[PDB]
């Protein structure tokens, strides 16, 4: 059994105009998380993690994320394949992920050197999940940008308790 807030139609998710793939490369800190599977948790609050975007020769991204868990750095890797338009992607080697039938990424907005908002949508075990990530080039962002991310998340149907701002750490993510 599972009850999820429905995924928004793609019409409600903007696309970053004139997307420059080479400028989006590098490390981003996850300063905000929102989604239908994301829950606020004051007992064990979400720790900040990082995601590195590297363009390959064929213009796909090698996306490597690192998080601090159980006193160790856990790495996980995926391939974002360019989609129907620039700033859009699908997942490479989807068959290597048990239960996964669909995976979409859309870059909503970015200035490339400070911040970015990225929309994800996937179907896993026939359940449709979506999330929005607030990327920061630094671990801290302005209140204006964080409130913008909150209202965009709310526009896609998510309540406050489905929006989290991970706490900055130094382990694993400063590399």
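Residue numbers count along the first chain shown, from 1.
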{"item": "Between the two ranges 37 to 45 and 106 to 114, the one averaging a larger CA B factor in the entry", "value": "37 to 45"}
{"item": "Modelled-residue ranking by C-alpha temperature factor, third containing residue 169", "value": "lowest"}
{"item": "Third of the chain's Cα B-factor distribution that residue 153 belongs to, per the entry", "value": "middle"}
{"item": "Residue 51 CA temperature factor, ranked by third within the chain", "value": "lowest"}
{"item": "Position of residue 142 among the chain's modelled residues by C-alpha B-factor, lowest, middle or highest third", "value": "highest"}
{"item": "B-factor third for the C-alpha atom of residue 23 within its chain", "value": "middle"}
